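So the sequences go chain by chain: A and C. Just so we're aligned: the first sequence equals residues 1 to 773, 780 to 1018, 1021 to 1140 in PDB author numbering. Just so we're aligned: the second sequence equals residues 16 to 54, 81 to 152, 160 to 222 in PDB author numbering. Don't be surprised by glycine CBs; every beta carbon is placed ideally from N, CA and C.
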Amino acid sequence: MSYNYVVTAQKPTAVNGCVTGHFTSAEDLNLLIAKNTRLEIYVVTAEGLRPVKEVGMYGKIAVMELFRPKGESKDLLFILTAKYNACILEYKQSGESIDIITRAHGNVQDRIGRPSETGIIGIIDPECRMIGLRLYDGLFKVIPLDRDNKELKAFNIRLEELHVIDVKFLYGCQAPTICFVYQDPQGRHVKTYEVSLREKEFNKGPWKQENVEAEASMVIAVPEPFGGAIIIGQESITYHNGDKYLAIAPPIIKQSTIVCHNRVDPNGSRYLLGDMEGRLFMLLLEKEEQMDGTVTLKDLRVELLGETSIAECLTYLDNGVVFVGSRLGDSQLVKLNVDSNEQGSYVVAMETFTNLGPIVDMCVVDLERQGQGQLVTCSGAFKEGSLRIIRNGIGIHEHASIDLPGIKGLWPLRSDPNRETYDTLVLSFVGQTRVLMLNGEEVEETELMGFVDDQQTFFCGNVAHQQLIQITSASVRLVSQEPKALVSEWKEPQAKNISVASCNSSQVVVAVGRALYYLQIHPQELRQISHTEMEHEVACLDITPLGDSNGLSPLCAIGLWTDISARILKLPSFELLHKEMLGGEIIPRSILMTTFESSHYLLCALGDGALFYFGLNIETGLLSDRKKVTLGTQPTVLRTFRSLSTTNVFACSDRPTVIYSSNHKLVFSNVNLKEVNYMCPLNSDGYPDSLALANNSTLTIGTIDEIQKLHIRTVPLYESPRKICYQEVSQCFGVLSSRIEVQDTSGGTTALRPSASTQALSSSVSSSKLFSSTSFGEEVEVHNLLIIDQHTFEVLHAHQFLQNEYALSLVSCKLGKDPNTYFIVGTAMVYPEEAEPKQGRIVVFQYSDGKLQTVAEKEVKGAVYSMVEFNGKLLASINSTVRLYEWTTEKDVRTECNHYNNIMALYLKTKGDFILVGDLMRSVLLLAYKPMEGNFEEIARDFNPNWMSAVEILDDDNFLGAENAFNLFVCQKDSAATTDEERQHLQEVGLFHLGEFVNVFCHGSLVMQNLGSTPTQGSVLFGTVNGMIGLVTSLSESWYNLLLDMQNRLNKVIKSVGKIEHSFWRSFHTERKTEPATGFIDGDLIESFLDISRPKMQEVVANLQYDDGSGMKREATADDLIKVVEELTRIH
Amino acid sequence: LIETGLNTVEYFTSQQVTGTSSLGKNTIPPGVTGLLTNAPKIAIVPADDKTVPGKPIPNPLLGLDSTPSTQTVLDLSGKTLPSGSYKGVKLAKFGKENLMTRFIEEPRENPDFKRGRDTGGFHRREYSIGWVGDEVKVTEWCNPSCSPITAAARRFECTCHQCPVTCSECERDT
Ligand SMILES: [Zn+2]
Ligand SMILES: [Zn+2]
């Protein structure tokens, strides 16, 4: 029935957890970071973080603790998945090969049991005698640690307290004891219990203390020295050691809640505290050396340190360095200084780590303008709020820029016969040549005895016999090095000027109109081996020596003027070996011979921005598999260079492109630069492994980014972005936003910091009177509609909404016969006393210019969660209703029809006269607008209940849905159109567990397509709470089946990190049902195929009947699958 | 334990920021009162009151007649589409979970108990809930501010002369 594909375009960036210890080696400080499904391992050092190994798991990491059982050389790792997959991991490294082996594993799920609020707690005993798991209320799961229990057997000790807040094991306890915080009728208390592995019960423990603060939320076991625990709350931080009891109440807390903490000293003394607003604190414990015997805890104080990103995770490394793991904003590496500098902060950020999550909304846009998408998102929240621009391409780091206009070419050069680095850069101009010398980082004019400067150079560089060559329009000059001077020169027999110039280390082929001359480079002499007259004006030349040959090309690639041809010629005799008649109007600009992986090709570029590429046989010289792409519009110049190992071609033009090979398939990658007229590799000591680039006015040296990667441009907002549109005509984006302002005695509400809405250029406030018939300390939400510039992204205009009015939906569009393009917002009057809005409105603005204009207004009796432009009309959902409004000539929106069969219509998507509705709990429904009738008709709905979160239309018959339990699904309109009941239903044909919470779906692609053919159809990108960006397409039953087989084979061979089965992981799953995936294939699995050994590769293919298209079956080879998957990787 | 839920939009909002749903929690929606106590905000209430006229509301389960009212059906086990009104479905759950079957909610514009004339001129929303395993049914209707709130569930008439006939919540009821 259904055939979909799902690949990760961007791995989750939000940090869910981060622990620290000695995992890689007992004498190494490791930093383990949990994204969601990703596990990153580092080594802490001087520079700080050294990436060691990164892996994935088939599940969401919920618990992650390092620990050390007696008898282990280094630490072991504990991990519990959200689907309850448990395991103990060991870091084992033999050679350049690293593996994370499994010492034990099992699924600790219970058949019944209520998942506790405050979720899964996973703690480990200090003695390493056992693991404690609070998975369900009233139950505490225990797992013994005998090197015997590898299947992770466990028992459930009952717990009276049915509502635990937090739990930790205590230190210095002959018997493992649990100290937690709970809440019953009497309030919140904190008791203890001992855990006996023997009897398998829980007795009664050391101490008890009823009624701690009502907001007591964290527990902390203080180490050996002090023993006992600490309890963090709202203004209440207390110590409890049986008989001891301390209690401070720093007003510094009061403001925000302390959510995370970390022990700085192995003994207690210092701890880090994390505020919910980003405040970093320090908790100190004053140790009192009695005089003789033992040591008590005299006192404890709190000290503000500074501001960081809103922290989720907090880990102290060493030498005053701390890693701040964020979920709402970028994560960071911070240094704690002894002295609080200006303003008063010991906190100074070192490194900032991009985080796109949460992604609340997004839109695809061709900003730069030319067939390449780009994602603009509403990421983060609160103070960490922001916009992100995500683009594909290769990046270059500019290292110098000189104002040299008119550069007509440039070549790298070795001035010192002995040194192997470049130290000179030759520049060409209309009629001269200028030689720049390279001193470290300094570049300055210089002369080179043998070279002429009053002529244009067509080529120059190092050649055979410690010689140097310079070919100008006037002649080709051979220059000595150590002796240094002109030691030979060639010129056409009649002084005619050289028109085209090709040249490698030992040979030269220049053209004088139609005349071709083959010369060879020998000591102190240039030898003219031959010559010929081409049937037409020569346009371009290449004699690049390919193959294991030795600097002597047997072939000569030439491009002609008249018949717009590219032809191969045997070098000695200029004998024709192949004449490829191409293009038609424009002549070839550039032509080059090169090798990409193992194969040789011929590239030829027209003045069209058009590029032809053939397979080349360097023996026979015949061109094969003629292909064509469009790299732009200006003529294109081809040049070769070697990034790291391999070698690629740099294509200079208005659309700069790096051409290379992946798995035998060429790759055209766009460079993130404006326009490049000429390029050349430059490898000096000052500019190691670099590129010398040149446009129409400036020289520029920098270095290429190895290979392509999404680049993330970010725009701070300092407040929460909620929705976003794009208005072409206005050249800008419309963004819904909210900020936190607290009530103030001075009549209204102030704020907490400057933000995009406040520090705006223009500004305005709602003047509406439609409605008008907290304490002080309470927080209040204020919404705004920002108008950000497409190019500068500065906030042009900001607009405030009525007090208490939340803006929930946005949309840029035209309506009726109205010529103008408005910005339309849907809202809701939110009062805490109501369970759901009863009032709201649809405001219609316009940014005709300079400022925003409030054109119209329309009252509504509920929240306008979603709205979409619909065939000139405006579709919108209010609460339980779906309404279609018309736009008169009198500029008013007026109801035509409605649909009321919903609990709460949150999401809306349109295609034609069909409409897709996403409801709180009645999953998707399909409506159709009946024109003649003037209202709506229910076509079909999904009869399975589903708490939606996002929705999308893959095509007329298939609808994609994201649900609140991290699952994706597809519903289809039954094909058995033989009954009005069968059409009424839409079968769930696709089920897949994503393990990601989805907020937005939107047709689009971050990949080019103007490049002159896809195994997939469609392209829906999607945003995630973890900052993860995915893609979804459609396959033919053919490909699906192959890939489904592929998966099952691969699963037999891929070593799964925690011994978790891929099929378990991808099984649709909720607190209700659990089913096997179907209709879905994850390309993450399929793409991991290209990363295993041929042996394993050959095993995966073993005994597989494969159809290479020949319709004639054959035994499948690894290369068949390589070709298949390589094609698949190109959809993103 | 009983906690007051959170206005939908507050839930809508924060869920796009934090993947956590927040469902699993013994909450009662804001503005609703647990009209059951024979002899948060629950409120103790008299079983009945023959003092004021008014036809009783038939048991929900019995799936009988009550026309000016809205019917809600909720299946705790999933497998069947829920139907009715947001609040109907919300209370149905909170109702099954706690042993409660009567609920009241008086709109914003309204100043213990003594409802009658002083508090008349509007409508007060009632809720009746039935069990039957995993299957939970609810009948919801509108009552005059005039009216008395009791454990018994009837459709009282009006004592005040100001109390209205249809509200904007009383429509589409059948
Ligand atoms: Zn009345
Ligand atoms: Zn009513």
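Where residue i meets chain A, residues with beta-carbon distance less than 9 Å
{"i": "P101 of chain C", "result": "In chain order: nothing, as chain A lies at least about 18 Å away."}
{"i": "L140 of chain C", "result": "Under the 9 Å cutoff, chain A gives no residues; its nearest Cβ is about 17 Å from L140 of chain C."}
Collapsed DSSP secondary structure at residue i in the structure displayed
{"i": "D1099 of chain A", "result": "helix"}
{"i": "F23 of chain A", "result": "coil"}
{"i": "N826 of chain A", "result": "strand"}
{"i": "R198 of chain A", "result": "coil"}
{"i": "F135 of chain C", "result": "helix"}
{"i": "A968 of chain A", "result": "strand"}
{"i": "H163 of chain A", "result": "coil"}
{"i": "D1128 of chain A", "result": "helix"}
{"i": "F596 of chain A", "result": "coil"}
{"i": "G71 of chain A", "result": "coil"}
Residue i and residue j closer than 9 Å at C-beta
{"i": "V1065 of chain A", "j": "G357 of chain A", "result": "no"}
{"i": "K137 of chain C", "j": "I177 of chain C", "result": "yes"}
{"i": "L560 of chain A", "j": "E535 of chain A", "result": "yes"}
{"i": "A804 of chain A", "j": "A756 of chain A", "result": "yes"}
{"i": "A968 of chain A", "j": "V976 of chain A", "result": "no"}
{"i": "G17 of chain A", "j": "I61 of chain A", "result": "yes"}
{"i": "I740 of chain A", "j": "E811 of chain A", "result": "no"}
{"i": "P417 of chain A", "j": "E482 of chain A", "result": "yes"}
{"i": "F972 of chain A", "j": "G34 of chain C", "result": "yes"}
{"i": "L526 of chain A", "j": "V476 of chain A", "result": "yes"}
{"i": "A982 of chain A", "j": "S720 of chain A", "result": "no"}
Amino acids of chain C, ordered along the chain, whose beta-carbon sits closer than 8 Å to that of residue i
{"i": "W1047 of chain A", "result": "The premise fails here: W1047 of chain A is roughly 32 Å from chain C at the closest Cβ pair, so nothing lies under 8 Å."}
{"i": "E840 of chain A", "result": "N22, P45, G46, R149"}
{"i": "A834 of chain A", "result": "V24"}
{"i": "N810 of chain A", "result": "Near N810 of chain A there are no residues of chain C at all, since even the closest Cβ is about 11 Å away, more than 8 Å."}
{"i": "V360 of chain A", "result": "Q31, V32"}
6 Å Cβ shell around residue i - same chain, five flanking residues per side excluded
{"i": "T238 of chain A", "result": "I231, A247"}
{"i": "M362 of chain A", "result": "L375, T377, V1006, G1031"}
{"i": "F459 of chain A", "result": "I471, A501, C503"}
Contact set between residue i and chain C, taken where Cβ atoms lie within less than 7 Å
{"i": "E784 of chain A", "result": "In chain order: nothing, as chain C lies at least about 13 Å away."}
Other residues of its chain near residue i: CB distance less than 7 Å, five sequence neighbours each side excluded
{"i": "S217 of chain A", "result": "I165, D166, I232, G233"}
{"i": "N696 of chain A", "result": "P405, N677"}
{"i": "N262 of chain A", "result": "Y271, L272, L314, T315, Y316"}
{"i": "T308 of chain A", "result": "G278, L280, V324, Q332, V334, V347"}
Chain A residues whose Cβ lies nearer than 8 Å to that of residue i
{"i": "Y127 of chain C", "result": "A841, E842, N885, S886, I909, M910, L926"}
{"i": "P123 of chain C", "result": "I909, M927, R928, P951"}
{"i": "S110 of chain C", "result": "Per Cβ cutoff of 8 Å: no residues; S110 of chain C is ~16 Å from chain A at best."}
{"i": "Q210 of chain C", "result": "Under the 8 Å cutoff, chain A gives no residues; its nearest Cβ is about 18 Å from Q210 of chain C."}
Residue i: contacting residues in chain C (beta-carbon distance under 9 Å)
{"i": "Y906 of chain A", "result": "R220"}
{"i": "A869 of chain A", "result": "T23, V24, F27"}
7 Å Cβ cut-off: residues of chain A touching residue i
{"i": "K40 of chain C", "result": "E117"}
{"i": "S193 of chain C", "result": "Within 7 Å Cβ-Cβ: nothing; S193 of chain C doesn't reach chain A, min ~17 Å."}
{"i": "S216 of chain C", "result": "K867"}
Cβ-based neighbour list, residue i, same chain, cut-off 8 Å, excluding 5 preceding and 5 following
{"i": "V930 of chain A", "result": "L922, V923, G924, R947, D948, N952, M954, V957, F965, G967, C977, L992"}
{"i": "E224 of chain A", "result": "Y171, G172, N267"}
task = Mind listing, in chain order, the continuous beta strand (DSSP E) runs of no fewer than 3 residues lying wholly within the stretch 253-308 of chain A?
result = 260-265, 268-274, 279-289, 295-307
Contiguous beta strand (DSSP E) assignments of at least 3 residues, all confined to the stretch 448-473 of chain A: 457-463, 467-472
What residue ranges within the stretch 200-242 of chain A form continuous beta strand (DSSP E) runs of no fewer than 3 residues, ordered along the chain? 218-221, 229-232, 237-241
inquiry  = My parser needs the beta strand (DSSP E) runs of 3 or more residues fully inside the stretch 370-422 of chain A; what are they?
reply    = 375-379, 386-391, 396-402, 409-413
| beta strand (DSSP E) runs contained entirely in the stretch 793-827 of chain A, provided each spans 3 or more residues | 801-806, 811-815, 818-821
Point to revise | Runs of beta strand (DSSP E) wholly within the stretch 189-218 of chain C (minimum 3 residues, chain order) | key: 202-204
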